[PDB]
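In: Here's my sequence, what's the structure:
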Amino acid sequence: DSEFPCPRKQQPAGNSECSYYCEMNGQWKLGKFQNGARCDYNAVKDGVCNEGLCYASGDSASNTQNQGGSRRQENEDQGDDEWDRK
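Out: Numbering: from 1, shown residues only. Here you go:
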């Protein structure tokens, strides 16, 4: 128990995510399905989802930014063509 207040919710057929919709405290709140439903990660990894988004289990990995850069100008025209003024 942390947040997401609503009773165990009801998922339809052809599901792959876990979140729900219900009205608690006069605001639309997200609810929770049976802890660990199948995700888009069912026929590629093991699917265990709950608490608003899609989740994966069995394999985990993380990526970092080893490439990057900065740009001073995004256009070489140095103006806007929407106004069409110089």
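In: At the geometric centre of the protein, which residue do we find?
Out: For the chain, the residue nearest the mean C-alpha position is residue 53 (5.4 Å; Cα atoms, centre = their mean).
In: What is the neighbour count of the closest residue to residue 59 other than its chain neighbours?
Out: Nearest residue to residue 59, sequence neighbours excluded (Cβ to Cβ, 6 or more residues apart in numbering): residue 45, at 5.3 Å. Where you see a C-beta, it was placed from the backbone N, CA and C, and this is true even at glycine. When neighbours are defined as other Cβ atoms under 10 Å, residue 45 has 15 of them.
In: I figured residue 45 was touching residue 56, is that so?
Out: Yes. Taking Cβ atoms under 8 Å as the definition, residue 45 is a contact partner of residue 56 at 4.8 Å.
In: Would you mind giving the secondary structure of residue 63?
Out: Three-state assignment for residue 63 (DSSP: H, G, I helix; E, B strand; the rest coil): coil.
In: And it, how far from residue 48?
Out: 21 Å (Cβ to Cβ, to the nearest Å).
In: Then residue 22?
Out: For residue 22 relative to residue 48 (Cβ to Cβ), the value is 22 Å.
In: more crowded one of the two?
Out: Neighbour tally, residue 22 and residue 48, criterion other Cβ under 10 Å: the higher count belongs to residue 48, 17 against 14.
In: Can you name the residues that contact the more buried one?
Out: Residues in contact with residue 48 (Cβ atoms under 8 Å, 6 or more residues apart in numbering) are 36-39, 55-57.
In: residue ranges of the strands in the protein, please?
Out: Here the chain has its strands, by DSSP state E, at 22-24, 27-29.
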